[PDB]
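Listing of input-v4.cif; format and content: mmCIF, N, CA and C atoms.
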```cif
data_data
loop_
_atom_site.group_PDB
_atom_site.id
_atom_site.type_symbol
_atom_site.label_atom_id
_atom_site.label_comp_id
_atom_site.auth_asym_id
_atom_site.auth_seq_id
_atom_site.Cartn_x
_atom_site.Cartn_y
_atom_site.Cartn_z
ATOM 1 N N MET A 1 59.279 151.288 122.784
ATOM 2 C CA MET A 1 59.554 149.982 123.391
ATOM 3 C C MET A 1 60.381 150.162 124.642
ATOM 4 N N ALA A 2 59.964 149.512 125.733
ATOM 5 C CA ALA A 2 60.564 149.734 127.030
ATOM 6 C C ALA A 2 61.332 148.537 127.586
ATOM 7 N N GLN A 3 61.028 147.282 127.225
ATOM 8 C CA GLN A 3 61.608 146.116 127.914
ATOM 9 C C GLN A 3 63.089 145.879 127.526
ATOM 10 N N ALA A 4 63.975 145.888 128.511
ATOM 11 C CA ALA A 4 65.374 145.544 128.314
ATOM 12 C C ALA A 4 65.654 144.062 128.500
ATOM 13 N N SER A 5 66.608 143.606 127.699
ATOM 14 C CA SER A 5 67.189 142.269 127.706
ATOM 15 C C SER A 5 68.634 142.245 128.201
ATOM 16 N N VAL A 6 69.058 141.048 128.623
ATOM 17 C CA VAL A 6 70.490 140.788 128.866
ATOM 18 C C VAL A 6 71.207 140.668 127.532
ATOM 19 N N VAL A 7 72.274 141.436 127.334
ATOM 20 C CA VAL A 7 73.140 141.283 126.149
ATOM 21 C C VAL A 7 74.583 141.197 126.588
ATOM 22 N N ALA A 8 75.373 140.484 125.792
ATOM 23 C CA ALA A 8 76.718 140.124 126.140
ATOM 24 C C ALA A 8 77.572 141.377 125.991
ATOM 25 N N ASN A 9 78.302 141.704 127.034
ATOM 26 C CA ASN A 9 79.219 142.841 127.084
ATOM 27 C C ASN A 9 80.641 142.545 126.595
ATOM 28 N N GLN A 10 80.910 141.272 126.357
ATOM 29 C CA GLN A 10 82.123 140.703 125.821
ATOM 30 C C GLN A 10 81.751 139.365 125.155
ATOM 31 N N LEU A 11 82.656 138.823 124.351
ATOM 32 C CA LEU A 11 82.527 137.442 123.900
ATOM 33 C C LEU A 11 82.502 136.573 125.171
ATOM 34 N N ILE A 12 81.515 135.710 125.258
ATOM 35 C CA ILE A 12 81.369 134.692 126.294
ATOM 36 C C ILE A 12 81.626 133.327 125.637
ATOM 37 N N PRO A 13 82.792 132.704 125.889
ATOM 38 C CA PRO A 13 83.139 131.410 125.307
ATOM 39 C C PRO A 13 82.123 130.353 125.719
ATOM 40 N N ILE A 14 81.960 129.311 124.900
ATOM 41 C CA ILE A 14 81.177 128.143 125.300
ATOM 42 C C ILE A 14 81.571 127.616 126.702
ATOM 43 N N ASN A 15 80.600 127.154 127.480
ATOM 44 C CA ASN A 15 80.811 126.517 128.818
ATOM 45 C C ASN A 15 81.444 127.452 129.883
ATOM 46 N N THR A 16 81.463 128.752 129.611
ATOM 47 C CA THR A 16 81.806 129.769 130.618
ATOM 48 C C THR A 16 80.731 129.975 131.666
ATOM 49 N N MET A 17 81.145 130.134 132.924
ATOM 50 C CA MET A 17 80.253 130.568 134.018
ATOM 51 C C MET A 17 80.103 132.093 133.987
ATOM 52 N N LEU A 18 78.867 132.613 133.993
ATOM 53 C CA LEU A 18 78.661 134.034 133.808
ATOM 54 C C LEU A 18 79.135 134.788 135.033
ATOM 55 N N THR A 19 79.627 135.994 134.817
ATOM 56 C CA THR A 19 79.959 136.961 135.858
ATOM 57 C C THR A 19 79.306 138.277 135.462
ATOM 58 N N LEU A 20 79.232 139.212 136.408
ATOM 59 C CA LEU A 20 78.514 140.469 136.147
ATOM 60 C C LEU A 20 79.117 141.370 135.078
ATOM 61 N N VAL A 21 80.438 141.332 134.929
ATOM 62 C CA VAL A 21 81.104 142.098 133.861
ATOM 63 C C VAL A 21 80.630 141.683 132.486
ATOM 64 N N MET A 22 80.105 140.456 132.325
ATOM 65 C CA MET A 22 79.722 139.948 130.989
ATOM 66 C C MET A 22 78.336 140.396 130.509
ATOM 67 N N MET A 23 77.545 140.980 131.405
ATOM 68 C CA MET A 23 76.134 141.181 131.150
ATOM 69 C C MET A 23 75.743 142.674 131.228
ATOM 70 N N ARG A 24 75.327 143.265 130.107
ATOM 71 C CA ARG A 24 74.737 144.607 130.093
ATOM 72 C C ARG A 24 73.242 144.509 129.896
ATOM 73 N N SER A 25 72.555 145.614 130.131
ATOM 74 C CA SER A 25 71.118 145.737 129.908
ATOM 75 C C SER A 25 70.896 146.589 128.649
ATOM 76 N N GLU A 26 70.140 146.133 127.659
ATOM 77 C CA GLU A 26 69.790 146.907 126.461
ATOM 78 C C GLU A 26 68.405 146.565 125.966
ATOM 79 N N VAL A 27 67.766 147.579 125.375
ATOM 80 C CA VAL A 27 66.509 147.388 124.661
ATOM 81 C C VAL A 27 66.800 146.957 123.236
ATOM 82 N N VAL A 28 66.529 145.681 122.974
ATOM 83 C CA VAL A 28 66.798 145.005 121.709
ATOM 84 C C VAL A 28 65.592 144.180 121.317
ATOM 85 N N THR A 29 65.536 143.904 120.027
ATOM 86 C CA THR A 29 64.598 142.937 119.445
ATOM 87 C C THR A 29 65.355 141.841 118.650
ATOM 88 N N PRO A 30 64.968 140.576 118.768
ATOM 89 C CA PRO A 30 63.903 140.048 119.611
ATOM 90 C C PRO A 30 64.265 140.100 121.112
ATOM 91 N N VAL A 31 63.269 139.984 121.976
ATOM 92 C CA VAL A 31 63.506 140.090 123.425
ATOM 93 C C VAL A 31 64.117 138.805 123.958
ATOM 94 N N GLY A 32 65.127 138.920 124.798
ATOM 95 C CA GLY A 32 65.775 137.773 125.445
ATOM 96 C C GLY A 32 65.406 137.664 126.917
ATOM 97 N N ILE A 33 66.331 137.101 127.703
ATOM 98 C CA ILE A 33 66.194 137.075 129.167
ATOM 99 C C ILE A 33 66.012 138.511 129.680
ATOM 100 N N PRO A 34 65.030 138.788 130.547
ATOM 101 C CA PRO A 34 64.824 140.137 131.073
ATOM 102 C C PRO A 34 66.053 140.617 131.816
ATOM 103 N N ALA A 35 66.423 141.896 131.666
ATOM 104 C CA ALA A 35 67.596 142.444 132.298
ATOM 105 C C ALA A 35 67.535 142.358 133.837
ATOM 106 N N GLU A 36 66.291 142.384 134.327
ATOM 107 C CA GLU A 36 65.849 142.227 135.715
ATOM 108 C C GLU A 36 66.498 140.959 136.360
ATOM 109 N N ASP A 37 66.738 139.907 135.557
ATOM 110 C CA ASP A 37 67.296 138.613 135.934
ATOM 111 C C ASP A 37 68.825 138.527 136.028
ATOM 112 N N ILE A 38 69.610 139.546 135.681
ATOM 113 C CA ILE A 38 71.081 139.446 135.668
ATOM 114 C C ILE A 38 71.689 138.921 136.970
ATOM 115 N N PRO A 39 71.304 139.393 138.171
ATOM 116 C CA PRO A 39 71.907 138.871 139.401
ATOM 117 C C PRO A 39 71.647 137.367 139.628
ATOM 118 N N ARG A 40 70.564 136.830 139.075
ATOM 119 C CA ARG A 40 70.280 135.410 139.175
ATOM 120 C C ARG A 40 71.049 134.540 138.179
ATOM 121 N N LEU A 41 71.586 135.140 137.097
ATOM 122 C CA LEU A 41 72.391 134.445 136.084
ATOM 123 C C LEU A 41 73.851 134.230 136.484
ATOM 124 N N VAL A 42 74.392 135.006 137.432
ATOM 125 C CA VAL A 42 75.762 134.843 137.881
ATOM 126 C C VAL A 42 75.995 133.373 138.272
ATOM 127 N N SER A 43 77.113 132.844 137.786
ATOM 128 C CA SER A 43 77.646 131.501 137.986
ATOM 129 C C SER A 43 76.929 130.399 137.245
ATOM 130 N N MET A 44 75.923 130.731 136.444
ATOM 131 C CA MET A 44 75.245 129.798 135.562
ATOM 132 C C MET A 44 76.065 129.666 134.290
ATOM 133 N N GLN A 45 76.077 128.494 133.685
ATOM 134 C CA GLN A 45 76.907 128.219 132.516
ATOM 135 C C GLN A 45 76.179 128.468 131.193
ATOM 136 N N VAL A 46 76.855 129.014 130.177
ATOM 137 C CA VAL A 46 76.295 129.099 128.832
ATOM 138 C C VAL A 46 76.628 127.844 128.022
ATOM 139 N N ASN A 47 75.707 127.379 127.192
ATOM 140 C CA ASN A 47 75.889 126.116 126.457
ATOM 141 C C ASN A 47 76.392 126.369 125.031
ATOM 142 N N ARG A 48 76.722 127.609 124.668
ATOM 143 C CA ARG A 48 77.271 127.978 123.363
ATOM 144 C C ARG A 48 78.049 129.271 123.486
ATOM 145 N N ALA A 49 78.849 129.594 122.504
ATOM 146 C CA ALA A 49 79.580 130.865 122.499
ATOM 147 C C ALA A 49 78.559 131.994 122.225
ATOM 148 N N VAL A 50 78.716 133.140 122.903
ATOM 149 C CA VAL A 50 77.842 134.300 122.792
ATOM 150 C C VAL A 50 78.756 135.467 122.429
ATOM 151 N N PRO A 51 78.789 135.881 121.149
ATOM 152 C CA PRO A 51 79.562 137.033 120.707
ATOM 153 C C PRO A 51 79.110 138.322 121.398
ATOM 154 N N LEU A 52 80.048 139.255 121.508
ATOM 155 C CA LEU A 52 79.762 140.601 121.990
ATOM 156 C C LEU A 52 78.518 141.152 121.262
ATOM 157 N N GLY A 53 77.604 141.743 122.029
ATOM 158 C CA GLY A 53 76.376 142.356 121.539
ATOM 159 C C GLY A 53 75.196 141.418 121.329
ATOM 160 N N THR A 54 75.385 140.103 121.559
ATOM 161 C CA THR A 54 74.354 139.104 121.374
ATOM 162 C C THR A 54 73.396 139.129 122.552
ATOM 163 N N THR A 55 72.105 139.093 122.237
ATOM 164 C CA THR A 55 71.057 138.948 123.259
ATOM 165 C C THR A 55 71.090 137.541 123.844
ATOM 166 N N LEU A 56 71.200 137.413 125.166
ATOM 167 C CA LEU A 56 71.178 136.135 125.878
ATOM 168 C C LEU A 56 69.723 135.602 125.915
ATOM 169 N N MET A 57 69.513 134.442 125.354
ATOM 170 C CA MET A 57 68.202 133.809 125.324
ATOM 171 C C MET A 57 68.124 132.692 126.378
ATOM 172 N N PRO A 58 66.911 132.323 126.810
ATOM 173 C CA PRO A 58 66.733 131.257 127.800
ATOM 174 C C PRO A 58 67.386 129.926 127.432
ATOM 175 N N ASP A 59 67.361 129.529 126.169
ATOM 176 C CA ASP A 59 67.913 128.263 125.719
ATOM 177 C C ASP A 59 69.446 128.266 125.670
ATOM 178 N N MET A 60 70.114 129.397 125.893
ATOM 179 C CA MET A 60 71.581 129.482 125.928
ATOM 180 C C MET A 60 72.183 129.217 127.288
ATOM 181 N N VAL A 61 71.366 129.205 128.342
ATOM 182 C CA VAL A 61 71.848 129.092 129.707
ATOM 183 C C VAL A 61 71.463 127.770 130.300
ATOM 184 N N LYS A 62 72.464 126.984 130.680
ATOM 185 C CA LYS A 62 72.245 125.689 131.331
ATOM 186 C C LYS A 62 71.529 125.885 132.676
ATOM 187 N N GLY A 63 70.424 125.174 132.900
ATOM 188 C CA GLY A 63 69.684 125.249 134.153
ATOM 189 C C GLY A 63 68.687 126.406 134.323
ATOM 190 N N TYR A 64 68.627 127.350 133.370
ATOM 191 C CA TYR A 64 67.719 128.502 133.433
ATOM 192 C C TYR A 64 66.291 128.055 133.170
ATOM 193 N N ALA A 65 65.411 128.403 134.106
ATOM 194 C CA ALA A 65 63.976 128.362 133.922
ATOM 195 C C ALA A 65 63.351 129.606 134.583
ATOM 196 N N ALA A 66 62.190 130.033 134.071
ATOM 197 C CA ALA A 66 61.361 131.118 134.613
ATOM 198 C C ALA A 66 59.869 130.824 134.473
#
```

Can you dump the structure from the file as structure tokens?
Amino acid sequence: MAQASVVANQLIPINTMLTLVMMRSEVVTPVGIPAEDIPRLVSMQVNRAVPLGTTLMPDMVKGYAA
């Protein structure tokens, strides 16, 4: 399996604006937001708390569409 996802590099509190320190690239299942998209996620808000190691999904990010 080759496709990497965005995963949380720290706990991301609810309603936090994302920064680059918060986002790592990992090959995980199920697949989340493509890791390719990390620079476009900066300053977008999360609508729930995202624990460390959690795969960031499209429905967790306010305003995200692809």

Q.
I need the residue nearest residue A:33 from this list: A:15, A:45, A:10, A:55. Use all atoms listed in the file for the distance.
A. A:55

Q. Can you list every residue in chain A that DSSP puts in strand (DSSP E), as a PyMOL selection string?
A. chain A and resi 5-8+23-26

Q) Which polymer residues have any atom within 7 Å of an atom of residue A:6, counting only N, CA and C atoms, with same-chain residues fewer than 2 positions away left out, as a PyMOL selection string? A) chain A and resi 4+8+23-26+32-36+38+54-57

Where's the centre, and what are the edge lengths in Å to one decimal, of a box along x, y and z enclosing all listed atoms of stretch 6-10 of chain A padded 8 Å per side, as JSON?
```
{"center_x": 75.6, "center_y": 141.1, "center_z": 127.0, "size_x": 29.1, "size_y": 19.5, "size_z": 19.7}
```

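Straight-line separation from atom CA of residue A:13 to atom CA of residue A:58: 16.6 Å.
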
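If you look at atom C of residue A:18 and atom N of residue A:61, they are 11.7 Å away from each other.
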